[PDB]
Amino acid sequence: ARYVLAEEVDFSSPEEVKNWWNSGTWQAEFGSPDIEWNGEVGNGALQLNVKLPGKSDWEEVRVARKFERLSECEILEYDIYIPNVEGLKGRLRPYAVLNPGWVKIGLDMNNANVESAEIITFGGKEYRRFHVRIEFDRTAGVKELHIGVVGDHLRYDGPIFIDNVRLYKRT
Ligand SMILES: OC[C@H]1O[C@@H](O[C@H]2[C@H](O)[C@H](O)[C@H](O[C@H]3[C@H](O)[C@H](O)[C@H](O[C@H]4[C@H](O)[C@H](O)[C@H](O[C@H]5[C@H](O)[C@H](O)[C@H](O)O[C@@H]5CO)O[C@@H]4CO)O[C@@H]3CO)O[C@@H]2CO)[C@@H](O)[C@@H](O)[C@@H]1O
Ligand SMILES: [Ca+2]
């Protein structure tokens, strides 16, 4: 099948951040501010301030945005960056959800142990980089994309960044 890019969010400007909201948590917490713009990471990225205790297999924080063409789309991609602090252990289990309908997509398709990760550099600082690619079916009536950042025995108190959110549809 062939696809074109329908929507893309690169967070080049802080005014994009108002389109995103905190859609909840599960066995994890947001700090304050929960979500903010960061202009160094990714030349602009969405910064989630999180606290994951690292005691269970599913410790989730979630952000969301409306996308008018979401019901026409079939592939989602995004990047997650985590500061390359020494000693971090555990697994990320990132996924996403389409709503209305709370349609969970990509469950356990992009899981990554943090210990053996690609790195990327911004501003002379290193970040662990995790790419997420999810295929799904055209889903009628959906209008919101929720991105779920999930830790699995990943004890971490600090920022996690999202960037390069891309949605593709068929030509
Ligand atoms: O407010 C918005 C929205 O929230 C809804 O509630 C959400 C809630 O906030 C959470 O996001 C919750 O999250 C669940 C995930 O969707 C998913 O179901 C996840 O499933 C995991 C599971 O926990 C477990 O880790 C499992 O591990 C397995 C593994 O699959 C394999 O079988 C292996 O062999 O065994 C292990 C161990 O058993 O893997 C699953 C993923 O594949 O569980 C999360 C915790 O429950 O989802 C809720 C919705 O279901 C609602 O309040 C809604 O009303 C509201 O709109
Ligand atoms: Ca960016």
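Counting starts at 1 for both ligands and their atoms, following the listed order. Reckoned from all heavy atoms, side chains included, excluding hydrogens, waters and symmetry mates. The first residue of the sequence shown is numbered 1, and numbering continues consecutively from there.
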**Student:** Give the residue, atom name and distance (to 0.1 Å) of the protein heavy atom nearest atom 27 (O) of ligand 1.
**Tutor:** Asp57 OD2, 3.5 Å

**Student:** If the cut-off is 4.0 Å to any non-hydrogen atom of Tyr95, which atoms of ligand 1 fall inside it?
**Tutor:** 11 (O)

**Student:** For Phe11 and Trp20, take the angle between the two ring planes, folded into 0 to 90°, and tell me which bin it lands in: parallel under 30, tilted 30 to 60, perpendicular over 60.
**Tutor:** tilted

**Student:** If the contact criterion is a heavy-atom separation under 4.0 Å, does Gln27 count as touching ligand 1?
**Tutor:** no

**Student:** What protein heavy atom is closest to atom 17 (C) of ligand 1, reported as residue, atom name and distance in Å?
**Tutor:** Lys104 NZ, 3.9 Å

**Student:** Would atom 3 (C) of ligand 1 count as contacted, meaning some protein heavy atom under 4.0 Å?
**Tutor:** yes

**Student:** Can you tell me, to 10 degrees, how wide the angle at the Ca ion (ligand 2) is between OD1 on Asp163 and O on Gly44?
**Tutor:** 90°

**Student:** Hey, are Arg166 and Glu8 close enough for a salt bridge, meaning a charged N less than 4.0 Å from a carboxylate O?
**Tutor:** yes

**Student:** Looking just at side-chain N and O atoms, do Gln47 and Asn49 make a donor-acceptor pair shorter than 3.5 Å?
**Tutor:** yes

**Student:** Is the closest protein non-hydrogen atom to atom 32 (O) of ligand 1 under 4.0 Å?
**Tutor:** no

**Student:** Which of the numbered atoms in ligand 1 are below 4.0 angstrom from a heavy atom of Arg93?
**Tutor:** 25 (O), 26 (C), 27 (O), 39 (O), 40 (C), 41 (C)

**Student:** Could you tell me the residue and atom name of the protein heavy atom closest to atom 7 (C) of ligand 1, and the distance to it rounded to 0.1 Å?
**Tutor:** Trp102 NE1, 4.3 Å

**Student:** Are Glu74 and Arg170 within salt-bridge range, i.e. N to O under 4.0 Å?
**Tutor:** yes

**Student:** Looking only at N, O or S atoms, find the one in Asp10 nearest to the Ca ion (ligand 2) and name it.
**Tutor:** O

**Student:** Any N or O on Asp108 sitting closer than 3.5 Å to an N or O of ligand 1?
**Tutor:** yes

**Student:** How many angstroms lie between CD1 in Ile134 and CG in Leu76, if you round to the nearest 0.5 Å?
**Tutor:** 5.0 Å

**Student:** Could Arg129 and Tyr127 be counted as a cation-pi pair, given that NZ or CZ must be under 6.0 Å from the ring centre and within 45° of the axis?
**Tutor:** no

**Student:** Atom CG in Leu92, atom CG in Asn113: separation rounded to 0.5 Å?
**Tutor:** 10.0 Å

**Student:** Run the contact test for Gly24 against ligand 1 with a 4.0 Å cut-off on heavy atoms, strictly below, and give the result.
**Tutor:** no

**Student:** How about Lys55: does its NZ atom have over 12 heavy atoms from other parts shown lying under 6.0 Å from it?
**Tutor:** yes

**Student:** Is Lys18 salt-bridged to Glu16, cutoff N-O under 4.0 Å?
**Tutor:** no

**Student:** Could you list which atoms of ligand 1 come closer than 4.0 Å to a heavy atom of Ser23?
**Tutor:** 1 (O)

**Student:** Looking only at protein heavy atoms, identify the closest one to atom 10 (C) of ligand 1 and say how far it is in Å.
**Tutor:** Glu60 OE1, 3.5 Å

**Student:** In the protein, which heavy atom is nearest to atom 8 (C) of ligand 1, and how far is it?
**Tutor:** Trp26 CE3, 3.7 Å

**Student:** What protein heavy atom is closest to atom 9 (O) of ligand 1, reported as residue, atom name and distance in Å?
**Tutor:** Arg62 NH1, 3.1 Å

**Student:** From the Ca ion (ligand 2) out to just under 3.0 Å, does an N/O/S atom of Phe11 turn up?
**Tutor:** no

**Student:** Give the residue and atom name of whichever protein heavy atom lies nearest to atom 21 (C) of ligand 1, and the separation in Å to one decimal.
**Tutor:** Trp58 CE3, 3.9 Å

**Student:** Distance alone, cut at 3.5 Å: any donor-acceptor contact between the side chains of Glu126 and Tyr81?
**Tutor:** no

**Student:** Do the charged groups of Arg93 and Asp57 touch, with an N to O distance under 4.0 Å?
**Tutor:** yes

**Student:** Give a yes/no answer: is there an N/O/S atom of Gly42 under 3.0 Å from the Ca ion (ligand 2)?
**Tutor:** yes

